[PDB]
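Two separate entries follow, structure 1 and structure 2, each one form of the same protein chain as structure tokens.
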Structure 1
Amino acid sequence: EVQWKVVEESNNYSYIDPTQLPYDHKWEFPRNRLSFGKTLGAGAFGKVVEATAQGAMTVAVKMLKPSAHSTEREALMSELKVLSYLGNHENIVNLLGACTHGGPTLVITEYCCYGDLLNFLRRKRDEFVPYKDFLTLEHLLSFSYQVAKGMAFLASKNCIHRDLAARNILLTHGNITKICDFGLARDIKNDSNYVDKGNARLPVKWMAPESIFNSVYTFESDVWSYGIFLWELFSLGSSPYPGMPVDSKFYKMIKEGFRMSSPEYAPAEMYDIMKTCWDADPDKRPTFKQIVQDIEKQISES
């Protein structure tokens, strides 16, 4: 299941069972104060809908479809539990409330009015200018910085995203980016950026080699995916390894050290970050804390 995980020291780390996390009923919000509007996204067993919450503000509500298995209802509760455990950060999509009694489970989160960053980059591409409502290099550096800060936050809570990519970054007012976990509000069997692997469907072009070939997911594999995200960002939304099918040839190239070339709009210091994120040795990749400091220096030099 493609979703984030909280880990605990064991093994090195093992996933926690999120059903065992506590749920504080302080999050409880009266269901009668929600007015539901348009659907923003929909998986096979769930969906996220724009809503108005009186006591008015626009929010996003995650909920199950009526055909949901009993393990899906628990899964949505576990989503709520993980969000409550993580706490609040500017660069994640934050929990605002929940409805857990008197009806089906509703998870109320922040609404990001511009949608996912990938599609935003793609429709802004032909107006982009490196320097001077155009998208500029200043914005891209800001987005890189914010996603690094959000990931540093998740890592500090022992959380591994496992699917970091521009499609999972949302954009809201003030050019603020927020990391998201679609969970039951997305069906990946649709999306060609996921690839069949055994029983699983996986975002192979974003994954570290040790995740693909050894099923190892760590703080360090998230850094690999962040490097792929940077490439998406400074390519203005191009698909990674463009024109290369995922087959045995692709896997061999990754294993033997093949990497993407620099996007034409990436500053050399940002391509330097990408390259270190894609070190075959996870111990040689930077931490998100290091990445934050490096990008802070570039913005200062800007």
Structure 2
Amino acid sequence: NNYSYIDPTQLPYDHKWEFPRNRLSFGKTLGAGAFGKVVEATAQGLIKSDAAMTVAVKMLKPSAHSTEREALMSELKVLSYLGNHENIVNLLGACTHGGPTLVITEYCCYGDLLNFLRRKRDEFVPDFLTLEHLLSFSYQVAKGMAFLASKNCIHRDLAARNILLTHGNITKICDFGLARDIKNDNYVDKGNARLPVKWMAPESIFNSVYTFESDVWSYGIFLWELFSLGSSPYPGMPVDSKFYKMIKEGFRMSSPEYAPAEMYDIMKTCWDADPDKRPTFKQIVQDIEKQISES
């Protein structure tokens, strides 16, 4: 086999991202979890030498084993191979010299899109959250995911909680810890971890398989989150044996109150039990673009 798919995680770490550790001043903790924590920080001399820059720094728990350390370097290498895009939390640097690996990414001041919709829900109108912002959010997330799919990458945890918002109502997909390049192929996950069942495609729940089409299913659930203004999916349906039975038999959520028919038509195709009948993110983008032109 003289031809091979290049594994981005097998490539060496590019030290063009290396940033001096002593030039980071940590601030308030933005979020924590089983992985570790993401803290807001000031990068002194990151872009401009004498200009401090507010950034986000992802780090592991101090008790992380050797396998947990090598996983954070892989995500760094994946983000390096992915490249920059406006609709993803882009990589800005890294601290890799003989210490706890620090991943420096872009900072999004308005937080996650899920909590943003919930505080602006009471003041929603068809400084106000409008329908035009929801269509713009759906459009930007479709573009970021189309950029990921164009690089043969799956996110595997697409949800409104993982969409960040910054200045200018720009949405960026974040959290690439489970992002996988599946060029060889498409990805069967084997591990012990809590899973977001209500966002997962049926094949992911029953066979633990993840593809471009499973990301499309999650995007449809994200659209329901967006046009229901941050409500939990499948309200009144706990994750139990009856939930799996209904999902398998074809139960789907009805249209949210503020979703246009064309947008709900996208959700239904995203929720097709046949993965090959679901649209691609490239198709979703061209569909939303035709909708936005009509104002």
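For the two forms, the rigid core is made up of the largest set of C-alpha atoms that agree within 1.5 Å on superposition. FYI, numbering is relative to structure 1, first residue = 1.
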query: Core-superposed comparison between structures 1 and 2: the option from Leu184, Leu117, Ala208, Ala148 whose CA moves 2 angstroms or more; finding: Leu184
query: Core-aligned C-alpha movement of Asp281 between structures 1 and 2 reaching 2 Å; finding: no
query: C-alpha of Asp17 off by 2 Å or more between structures 1 and 2 on rigid core; finding: yes
query: Core-superposed C-alpha of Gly198 shifting 2 Å or more between structures 1 and 2; finding: yes
query: Angstrom shift of the Cα atom of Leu64 between structures 1 and 2 (superposition on rigid core); finding: 2.0
query: Core-fitted comparison between structures 1 and 2 - CA shift at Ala42, Å; finding: 1.3
query: Angstrom shift of the Cα atom of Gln290 between structures 1 and 2 (superposition on rigid core); finding: 0.3
